[PDB]
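Okay, structure first, notes after.
Cβ placement follows ideal geometry from the backbone for every residue including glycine, while neighbour counts extend to all protein chains displayed. Nothing in this text is a laboratory measurement; each read-out follows from the coordinates by a stated rule.
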Amino acid sequence: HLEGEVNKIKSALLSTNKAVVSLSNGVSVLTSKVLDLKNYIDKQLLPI
Amino acid sequence: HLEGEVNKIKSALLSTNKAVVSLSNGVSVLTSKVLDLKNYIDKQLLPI
Amino acid sequence: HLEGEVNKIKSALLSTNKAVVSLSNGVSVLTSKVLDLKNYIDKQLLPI
Amino acid sequence: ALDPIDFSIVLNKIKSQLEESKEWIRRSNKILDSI
Amino acid sequence: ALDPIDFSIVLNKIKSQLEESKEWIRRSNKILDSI
Amino acid sequence: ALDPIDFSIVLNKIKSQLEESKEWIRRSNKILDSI
């Protein structure tokens, strides 16, 4: 019964780990896009 | 003693899982707001 | 063998927890910078 | 030059990725609830 | 039209949510430290 | 006044922190794979 529970917890954490990598990659892309947005504003502000 | 430790790890992971959902929802809202910010800039740039 | 597996899962979750705090702090800083960006745009839009 | 279509596509993909993250946590929660 | 008050409120709420995330991890770390 | 150098530095540091997050998960995955 204990071995089964341990196997379940391992399976659960592997799934939690997948969620965190997905989240991390998402925030990485968003940060890159905010940098791109800042560059666009600064380069777009020149004439105006 | 082992059953107790397993129960503790389950409790810990449930808490970690709560942290990740909170984080995920937060990043989702921030992404929506960055999209809104981009829309505001593009619609605000028209006159200027 | 079971005690060893439990010790491993504890070690793994401590590492996952470190990943989440790092992620959380990162998103917190990014949110602050998006607020700063909004303030810059609004204060930069005044003349133009 | 910032592509407006690409910008929206990429951020909407991030939102899709976050829903995937939430799905992985639901799976983890269900497994733990079975213990 | 982007409400400036709403924008600040929503992003400041995200910052509050992140502190909640950190609190959940502290709870998890404490439980594991007890093992 | 928004420092353009500081802004880039801070967001590039966030990107570095995220790579650290990914490294912590790789360590966790490896430990679980050993079980």
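Conditions (1) more than 7 Å from every other protein chain (Cβ to nearest Cβ); (2) of a type in the set (A, V, I, L, M, F, W, C), marked per residue:
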residue: B:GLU5; (1), (2): no, no
residue: B:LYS10; (1), (2): no, no
residue: B:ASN17; (1), (2): no, no
residue: B:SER28; (1), (2): no, no
residue: B:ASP36; (1), (2): no, no
residue: B:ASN39; (1), (2): yes, no
residue: B:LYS43; (1), (2): yes, no
residue: B:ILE48; (1), (2): no, yes
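Look at segment B:1-28 and say how many of its residues are surrounded by fewer than 16 Cβ atoms within 10 Å (Cβ to Cβ) and aliphatic (A, V, I, L, M).
The number of residues fulfilling the criteria is 1.
If a residue has to be farther than 15 Å from E:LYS13 by Cα and among the basic types (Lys, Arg) to count, how many in segment C:23-48 make the cut?
So the answer is 2.
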